[PDB]
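Next comes input_3.csv, with CSV, C-alpha atoms and all ligand atoms.
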```
chain,number,residue,atom,x,y,z
A,198,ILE,CA,11.1,-33.3,8.3
A,199,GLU,CA,13.6,-31.0,10.3
A,200,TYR,CA,12.0,-27.8,9.1
A,201,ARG,CA,9.0,-27.6,11.6
A,202,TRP,CA,10.4,-24.6,13.4
A,203,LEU,CA,9.7,-22.4,10.4
A,204,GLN,CA,6.0,-22.6,11.5
A,205,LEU,CA,7.3,-21.4,14.9
A,206,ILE,CA,8.3,-18.2,13.0
A,207,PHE,CA,4.7,-17.0,12.7
A,208,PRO,CA,3.6,-17.1,16.4
A,209,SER,CA,7.0,-15.8,17.6
A,210,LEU,CA,6.6,-12.9,15.2
A,211,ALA,CA,3.2,-12.5,16.8
A,212,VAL,CA,4.6,-12.5,20.3
A,213,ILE,CA,7.0,-9.8,19.2
A,214,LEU,CA,4.2,-7.6,17.9
A,215,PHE,CA,1.9,-8.2,20.8
A,216,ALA,CA,4.8,-7.3,23.1
A,217,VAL,CA,5.2,-4.2,21.0
A,218,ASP,CA,1.5,-3.6,21.6
A,219,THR,CA,1.9,-3.6,25.4
A,220,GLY,CA,4.6,-1.0,24.9
A,221,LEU,CA,2.2,0.7,22.6
A,222,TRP,CA,-0.3,0.3,25.4
A,223,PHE,CA,1.9,1.8,28.1
A,224,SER,CA,3.3,4.6,26.0
A,225,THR,CA,-0.3,5.4,25.0
A,226,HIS,CA,-1.6,5.2,28.6
A,227,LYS,CA,1.2,7.5,30.1
A,228,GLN,CA,0.7,10.1,27.4
A,229,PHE,CA,-3.0,9.8,28.2
A,230,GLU,CA,-2.1,10.0,31.9
A,231,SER,CA,-0.2,13.3,31.2
A,232,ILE,CA,-3.1,14.7,29.2
A,233,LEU,CA,-5.8,14.1,31.9
A,234,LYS,CA,-3.6,15.4,34.7
A,235,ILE,CA,-3.4,18.8,32.9
A,236,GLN,CA,-7.2,18.7,32.1
B,50,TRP,CA,-10.9,14.6,2.3
B,51,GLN,CA,-7.6,16.5,2.4
B,52,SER,CA,-7.8,16.8,6.2
B,53,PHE,CA,-9.4,13.4,6.4
B,54,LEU,CA,-6.2,11.9,4.9
B,55,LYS,CA,-3.7,14.4,6.6
B,56,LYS,CA,-5.0,13.2,10.0
B,57,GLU,CA,-3.9,9.7,9.2
B,58,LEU,CA,-1.0,10.5,6.9
B,59,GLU,CA,1.6,9.7,9.6
B,60,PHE,CA,-0.1,6.3,10.4
B,61,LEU,CA,-0.2,5.8,6.6
B,62,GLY,CA,3.6,6.0,6.7
B,63,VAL,CA,4.0,4.0,9.9
B,64,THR,CA,2.2,1.1,8.3
B,65,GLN,CA,4.9,1.2,5.6
B,66,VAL,CA,7.6,1.1,8.3
B,67,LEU,CA,5.9,-1.9,9.9
B,68,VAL,CA,5.5,-3.7,6.5
B,69,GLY,CA,9.2,-3.1,5.8
B,70,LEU,CA,10.4,-4.3,9.1
B,71,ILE,CA,8.3,-7.5,8.8
B,72,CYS,CA,9.7,-7.9,5.3
B,73,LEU,CA,13.2,-7.6,6.8
B,74,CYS,CA,12.4,-10.2,9.5
B,75,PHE,CA,10.9,-12.6,6.9
B,76,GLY,CA,13.9,-12.1,4.6
B,77,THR,CA,16.5,-12.7,7.4
B,78,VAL,CA,14.8,-15.8,8.6
B,79,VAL,CA,14.6,-17.2,5.0
B,80,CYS,CA,18.2,-16.2,4.5
B,81,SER,CA,19.5,-17.7,7.7
B,82,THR,CA,17.2,-20.7,8.6
B,83,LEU,CA,16.5,-22.1,5.1
B,84,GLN,CA,19.2,-24.0,3.2
B,85,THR,CA,18.0,-22.4,-0.1
B,86,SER,CA,20.1,-24.8,-2.3
B,87,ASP,CA,17.8,-27.7,-1.3
B,88,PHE,CA,14.7,-26.0,-2.6
B,89,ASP,CA,13.6,-24.8,-6.1
B,90,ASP,CA,14.1,-21.3,-7.4
B,91,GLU,CA,10.5,-21.3,-8.5
B,92,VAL,CA,9.4,-22.0,-4.9
B,93,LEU,CA,11.9,-19.4,-3.5
B,94,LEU,CA,11.2,-16.7,-6.2
B,95,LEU,CA,10.4,-14.3,-3.3
B,96,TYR,CA,13.9,-14.7,-2.0
B,97,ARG,CA,15.6,-15.3,-5.3
B,98,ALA,CA,14.3,-12.0,-6.6
B,99,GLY,CA,15.3,-10.6,-3.2
B,100,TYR,CA,12.0,-8.8,-2.6
B,101,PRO,CA,12.1,-8.9,1.3
B,102,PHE,CA,15.4,-7.0,1.2
B,103,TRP,CA,14.8,-4.4,-1.5
B,104,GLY,CA,11.2,-4.1,-0.5
B,105,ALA,CA,12.0,-3.7,3.2
B,106,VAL,CA,14.6,-1.0,2.5
B,107,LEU,CA,12.2,0.9,0.2
B,108,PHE,CA,9.2,0.5,2.5
B,109,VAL,CA,11.2,1.6,5.6
B,110,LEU,CA,12.7,4.5,3.7
B,111,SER,CA,9.4,5.8,2.3
B,112,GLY,CA,7.5,5.3,5.6
B,113,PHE,CA,10.3,7.0,7.6
B,114,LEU,CA,10.3,9.9,5.1
B,115,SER,CA,6.5,10.1,5.4
B,116,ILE,CA,6.8,10.2,9.2
B,117,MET,CA,9.5,13.0,9.0
B,118,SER,CA,7.5,14.9,6.4
B,119,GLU,CA,4.5,14.9,8.6
B,120,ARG,CA,6.5,15.8,11.7
B,121,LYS,CA,8.6,18.6,10.2
B,122,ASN,CA,6.4,19.8,7.2
B,123,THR,CA,9.7,20.7,5.4
B,124,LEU,CA,9.5,21.5,1.6
B,125,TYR,CA,12.6,19.3,1.1
B,126,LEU,CA,11.1,16.3,3.0
B,127,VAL,CA,8.0,16.6,0.8
B,128,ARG,CA,9.0,15.9,-2.9
B,129,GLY,CA,11.6,13.6,-1.3
B,130,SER,CA,8.9,11.6,0.6
B,131,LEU,CA,6.7,11.8,-2.5
B,132,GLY,CA,9.5,10.4,-4.7
B,133,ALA,CA,10.1,7.8,-2.0
B,134,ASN,CA,6.4,6.9,-2.2
B,135,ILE,CA,6.6,6.7,-6.1
B,136,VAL,CA,9.5,4.2,-5.8
B,137,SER,CA,7.6,2.5,-2.9
B,138,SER,CA,4.5,2.0,-5.1
B,139,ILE,CA,6.7,0.7,-7.9
B,140,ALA,CA,8.4,-1.7,-5.4
B,141,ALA,CA,5.0,-2.7,-4.0
B,142,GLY,CA,3.5,-3.4,-7.4
B,143,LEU,CA,6.6,-5.4,-8.4
B,144,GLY,CA,6.3,-7.2,-5.1
B,145,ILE,CA,2.6,-7.9,-5.7
B,146,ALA,CA,3.5,-9.4,-9.1
B,147,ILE,CA,6.4,-11.4,-7.7
B,148,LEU,CA,4.2,-12.7,-4.8
B,149,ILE,CA,1.4,-13.7,-7.2
B,150,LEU,CA,4.0,-15.4,-9.4
B,151,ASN,CA,5.4,-17.2,-6.4
B,152,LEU,CA,1.9,-18.3,-5.3
B,153,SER,CA,1.4,-19.8,-8.8
B,154,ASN,CA,4.7,-21.6,-8.6
B,155,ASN,CA,3.9,-22.9,-5.1
B,156,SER,CA,0.5,-24.1,-6.3
B,157,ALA,CA,2.2,-25.9,-9.2
B,158,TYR,CA,4.7,-27.4,-6.7
B,159,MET,CA,2.0,-28.5,-4.1
B,160,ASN,CA,0.1,-30.2,-6.9
B,161,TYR,CA,2.8,-32.8,-6.6
B,162,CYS,CA,2.4,-33.1,-2.8
B,163,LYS,CA,0.2,-35.6,-1.1
B,164,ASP,CA,0.2,-33.8,2.2
B,165,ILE,CA,1.8,-30.7,3.8
B,166,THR,CA,4.2,-33.1,5.6
B,167,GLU,CA,4.9,-35.4,2.6
B,168,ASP,CA,8.6,-34.5,2.7
B,169,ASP,CA,10.7,-31.5,3.5
B,170,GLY,CA,10.1,-29.7,0.2
B,171,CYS,CA,6.3,-29.8,0.5
B,172,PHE,CA,6.5,-28.4,4.0
B,173,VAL,CA,8.9,-25.6,3.1
B,174,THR,CA,6.8,-24.8,0.0
B,175,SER,CA,3.7,-24.6,2.2
B,176,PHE,CA,5.6,-22.4,4.7
B,177,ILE,CA,6.7,-20.2,1.9
B,178,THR,CA,3.1,-20.1,0.6
B,179,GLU,CA,1.9,-19.0,4.0
B,180,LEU,CA,4.7,-16.3,4.1
B,181,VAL,CA,3.9,-15.2,0.5
B,182,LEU,CA,0.2,-14.9,1.5
B,183,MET,CA,0.9,-12.7,4.5
B,184,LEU,CA,3.5,-10.7,2.6
B,185,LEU,CA,0.9,-10.3,-0.2
B,186,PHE,CA,-1.5,-8.9,2.5
B,187,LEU,CA,1.2,-6.6,3.9
B,188,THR,CA,2.2,-5.6,0.4
B,189,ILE,CA,-1.4,-4.7,-0.4
B,190,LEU,CA,-1.5,-2.6,2.8
B,191,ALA,CA,1.9,-0.9,1.8
B,192,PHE,CA,0.8,-0.4,-1.8
B,193,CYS,CA,-2.6,1.1,-0.7
B,194,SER,CA,-0.8,3.3,1.8
B,195,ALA,CA,1.9,4.4,-0.7
B,196,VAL,CA,-0.8,5.1,-3.4
B,197,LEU,CA,-2.8,7.2,-0.8
B,198,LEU,CA,0.4,9.1,0.1
B,199,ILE,CA,0.9,9.7,-3.7
B,200,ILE,CA,-2.8,10.9,-4.0
B,201,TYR,CA,-2.4,13.3,-1.0
B,202,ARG,CA,0.9,14.8,-2.1
B,203,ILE,CA,-0.3,15.1,-5.7
B,204,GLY,CA,-3.7,16.6,-5.0
B,205,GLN,CA,-1.8,18.9,-2.6
B,206,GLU,CA,0.2,20.2,-5.6
B,207,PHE,CA,-2.9,20.7,-7.8
C,22,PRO,CA,-1.8,-29.9,11.5
C,23,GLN,CA,-3.1,-27.5,8.9
C,24,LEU,CA,-5.7,-26.2,11.4
C,25,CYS,CA,-3.0,-25.0,13.9
C,26,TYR,CA,-1.1,-23.2,11.1
C,27,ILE,CA,-4.3,-21.6,9.8
C,28,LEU,CA,-5.2,-20.4,13.3
C,29,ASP,CA,-1.6,-19.2,13.8
C,30,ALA,CA,-1.8,-17.2,10.6
C,31,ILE,CA,-5.1,-15.6,11.5
C,32,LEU,CA,-3.6,-14.8,14.9
C,33,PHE,CA,-0.6,-13.1,13.2
C,34,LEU,CA,-3.1,-11.1,11.1
C,35,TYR,CA,-4.9,-10.2,14.3
C,36,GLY,CA,-1.5,-9.1,15.7
C,37,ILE,CA,-1.0,-6.9,12.5
C,38,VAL,CA,-4.4,-5.3,13.0
C,39,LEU,CA,-3.8,-4.6,16.7
C,40,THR,CA,-0.3,-3.1,16.1
C,41,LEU,CA,-1.7,-0.9,13.3
C,42,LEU,CA,-4.5,0.3,15.6
C,43,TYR,CA,-2.1,0.9,18.5
C,44,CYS,CA,0.2,2.8,16.1
C,45,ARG,CA,-2.8,4.9,15.0
C,46,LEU,CA,-3.8,5.5,18.6
C,47,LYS,CA,-0.2,6.3,19.6
C,48,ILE,CA,0.2,8.9,16.9
C,49,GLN,CA,-3.2,10.3,17.8
C,50,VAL,CA,-2.4,10.7,21.5
C,51,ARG,CA,1.0,12.0,20.6
C,52,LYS,CA,-0.6,14.7,18.4
C,53,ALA,CA,-3.1,15.5,21.1
C,54,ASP,CA,-0.4,15.8,23.7
C,55,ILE,CA,2.0,17.8,21.5
C,56,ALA,CA,-0.9,20.1,20.6
C,57,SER,CA,-1.6,20.9,24.3
C,58,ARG,CA,2.1,21.4,25.1
D,24,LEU,CA,3.5,-27.1,21.1
D,25,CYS,CA,1.3,-24.7,19.0
D,26,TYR,CA,-2.3,-25.2,20.4
D,27,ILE,CA,-1.5,-24.1,24.0
D,28,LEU,CA,1.0,-21.5,22.7
D,29,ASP,CA,-1.8,-20.0,20.5
D,30,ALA,CA,-4.6,-20.4,23.1
D,31,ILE,CA,-2.6,-18.3,25.6
D,32,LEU,CA,-1.6,-15.9,22.8
D,33,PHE,CA,-5.2,-15.3,21.6
D,34,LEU,CA,-5.9,-14.5,25.3
D,35,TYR,CA,-3.0,-12.0,25.2
D,36,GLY,CA,-4.5,-10.6,22.1
D,37,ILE,CA,-8.1,-10.3,23.4
D,38,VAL,CA,-6.5,-8.5,26.4
D,39,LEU,CA,-4.8,-6.0,24.1
D,40,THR,CA,-8.1,-5.6,22.1
D,41,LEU,CA,-9.8,-4.9,25.4
D,42,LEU,CA,-7.2,-2.3,26.4
D,43,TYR,CA,-7.5,-0.7,22.9
D,44,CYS,CA,-11.3,-0.5,23.3
D,45,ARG,CA,-10.7,0.9,26.8
D,46,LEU,CA,-8.3,3.6,25.6
D,47,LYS,CA,-10.2,4.6,22.5
D,48,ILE,CA,-13.4,5.4,24.4
D,49,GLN,CA,-11.3,7.6,26.8
D,50,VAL,CA,-9.7,9.3,23.8
D,51,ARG,CA,-13.1,10.1,22.3
D,52,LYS,CA,-14.5,11.1,25.7
D,53,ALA,CA,-11.7,13.7,26.0
D,54,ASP,CA,-12.2,14.7,22.4
D,55,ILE,CA,-15.9,15.4,23.1
D,56,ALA,CA,-15.0,17.8,25.9
D,57,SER,CA,-12.3,19.5,23.8
A,301,LIG,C1,10.1,-7.7,13.5
A,301,LIG,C2,8.9,-6.7,13.4
A,301,LIG,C3,7.6,-7.4,13.8
A,301,LIG,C4,9.1,-5.7,14.5
A,301,LIG,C5,9.0,-4.3,14.0
A,301,LIG,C6,7.8,-3.5,14.5
A,301,LIG,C7,8.1,-2.3,15.5
A,301,LIG,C8,9.5,-2.4,16.1
A,301,LIG,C9,8.0,-0.9,14.8
A,301,LIG,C10,7.6,-0.9,13.3
A,301,LIG,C11,7.2,0.6,13.2
A,301,LIG,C12,7.3,1.2,14.6
A,301,LIG,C13,6.4,2.4,14.8
A,301,LIG,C14,7.0,3.6,14.0
A,301,LIG,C15,6.7,4.9,14.5
A,301,LIG,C16,6.1,5.2,15.6
A,301,LIG,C17,5.9,6.6,16.1
A,301,LIG,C18,6.7,6.8,17.4
A,301,LIG,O1,6.6,8.2,17.8
A,301,LIG,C19,7.4,8.6,18.8
A,301,LIG,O2,8.6,8.3,18.8
A,301,LIG,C20,6.8,9.3,20.0
A,301,LIG,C21,7.8,10.3,20.6
A,301,LIG,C22,7.5,10.5,22.0
A,301,LIG,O3,6.7,9.7,22.7
A,301,LIG,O4,8.0,11.5,22.5
A,301,LIG,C23,6.0,6.0,18.4
A,301,LIG,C24,6.4,4.5,18.1
A,301,LIG,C25,5.9,4.1,16.7
A,301,LIG,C26,4.4,3.9,16.7
A,301,LIG,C27,6.6,2.8,16.3
A,301,LIG,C28,6.2,1.6,17.2
A,301,LIG,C29,7.1,0.4,16.9
A,301,LIG,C30,6.9,0.0,15.5
A,301,LIG,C31,5.5,-0.6,15.3
```
For the file at hand, write its structure as structure tokens.
Amino acid sequence: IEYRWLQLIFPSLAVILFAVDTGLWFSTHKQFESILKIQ
Amino acid sequence: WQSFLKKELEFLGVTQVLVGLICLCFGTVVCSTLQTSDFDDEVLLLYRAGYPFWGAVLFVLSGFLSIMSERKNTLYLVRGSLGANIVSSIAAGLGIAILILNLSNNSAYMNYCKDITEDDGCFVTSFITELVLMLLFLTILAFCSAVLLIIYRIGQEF
Amino acid sequence: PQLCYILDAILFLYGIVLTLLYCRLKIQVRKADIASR
Amino acid sequence: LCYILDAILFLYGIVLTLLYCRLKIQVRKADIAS
């Protein structure tokens, strides 16, 4: 067909968001590191 | 339920920012990758009406104003974020109508398709149908969030 | 075929759910850490 | 390739779900003790 890569749009947009999630993991872990260090 | 919605009010704007940015991404990949003159205006009614662009702008604007009105609690951000959520609910309802109409047009197109890979038009119509389905899901999330922001900032004023 | 696209779409929906939940948790930890500071 | 690219990416999603379920219990554990 020469339009198959459009269905590569969906997992790529997943591997952006999941990548965002690991930033949203780290930025949630460090602010939970700085909230247990204070106690 | 006033505090039970105020605790998640900022998230309820962040979901609008997320839905708007995914609307921008879907609109820019449809605008760039697709040769839209090779496909029907019934199939591309999502892009022909321009809903990813003017829905992305309004969702990002209303979600950003919801984030700022939570973070600053300013009497000018409120009634500006409330009006942004009024126009975001109007944009989301118009988007829901446009996406349901495009689902109907895609169903009428894919009636004349023996398989998803029958030709290029059948595949692009199925890809647009998938993208319409997961913009209908995201528009339902953005509409429910905008309606909840409207309920919170209207019952606050009661 | 259609199965890989369906699984891909449900994985994208899974990504939407996880990024909404991480955004919820991010604003919750930010509120809890801006309340203590 | 989509099957391997989604099999590794479901694993990258189960990992993020596990870290969300690991962070949420710690948040509620700190919320129990003020
Ligand atoms: C093409 C699409 C898939 C990408 C767009 C998704 C993300 C780039 C954006 C959409 C909305 C963003 C969220 C909007 C608002 C917030 C609040 C924000 O708050 C702060 O800035 C914290 C400040 C501090 O840590 O001091 C933290 C990031 C977050 C969750 C953002 C995380 C990144 C998100 C998910």
(request) Write out as JSON, numbers by chain each polymer residue (protein, DNA or RNA) that has an atom no more than 6 Å from ligand LIG 301 (chain A), with all atoms listed in the file counted. (result) {"A": [210, 213, 214], "B": [63, 66, 67, 70, 71, 74], "C": [44, 47]}
Could the residues of chain A that have an atom at most 10 Å from chain D be listed as CSV, each with its closest atom pair and the distance in Å to one decimal, counting all atoms listed in the file and ordered by chain and ascending residue number?
```
residue,atom,partner,partner_atom,distance
A:204,CA,D:25,CA,9.1
A:205,CA,D:25,CA,8.0
A:208,CA,D:29,CA,7.4
A:209,CA,D:28,CA,9.7
A:211,CA,D:32,CA,8.4
A:212,CA,D:32,CA,7.5
A:215,CA,D:36,CA,7.0
A:216,CA,D:35,CA,9.3
A:218,CA,D:39,CA,7.2
A:219,CA,D:39,CA,7.2
A:221,CA,D:43,CA,9.8
A:222,CA,D:42,CA,7.4
A:225,CA,D:46,CA,8.2
A:226,CA,D:46,CA,7.5
A:229,CA,D:50,CA,8.0
A:232,CA,D:53,CA,9.2
A:233,CA,D:53,CA,8.4
A:236,CA,D:53,CA,9.1
```
(request) Do me a favour and pick out the residues of chain B within 12 Å of chain A, using all atoms listed in the file, as number ranges by chain. (result) B: 67, 70-79, 81-84, 87, 165-180, 183-184
(request) Output as a PyMOL selection string the set of chain C residues within 9 Å of chain B, with distances taken over only C-alpha atoms. (result) chain C and resi 22-23+26-27+30+33-34+37+40-41+44-45+48-49
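Distance annotation: of C:43, C:24, C:55, C:31, the residue with the minimal separation from chain A is C:43; atom set is all atoms listed in the file.
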(message) If I take atom CA of residue B:206 and atom CA of residue B:58, how far is one from the other in Å, to one decimal?
(response) 15.9 Å
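Between atom CA of residue B:188 and atom CA of residue B:132 lies a distance of 18.3 Å.
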Per residue of chain C within 9 Å of chain D, record the nearest atom pair and its distance in Å to one decimal, counting all atoms listed in the file, with rows in chain order and ascending residue number, as a tab-separated table.
```
residue	atom	partner	partner_atom	distance
C:25	CA	D:26	CA	6.5
C:26	CA	D:25	CA	8.4
C:28	CA	D:29	CA	8.0
C:29	CA	D:29	CA	6.8
C:32	CA	D:33	CA	6.9
C:35	CA	D:36	CA	7.8
C:36	CA	D:36	CA	7.2
C:39	CA	D:40	CA	7.0
C:42	CA	D:43	CA	8.0
C:43	CA	D:43	CA	7.1
C:46	CA	D:47	CA	7.5
C:49	CA	D:50	CA	8.9
C:50	CA	D:50	CA	7.8
```
(message) If I take atom CA of residue A:235 and atom CA of residue B:117, how far is one from the other in Å, to one decimal?
(response)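 Computing it gives 27.8 Å between the two atoms.
Minimum distance to residue B:69 across B:93, B:181, B:109, B:54 (counting only C-alpha atoms) occurs at B:109.
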(request) For a cut-off of 9 Å around (13.1, -3.7, -1.2), file coordinates, pick out all residues using only C-alpha atoms and list them as a ChimeraX atom specification. (result) /B:69,72-73,99-109,137,140-141,144
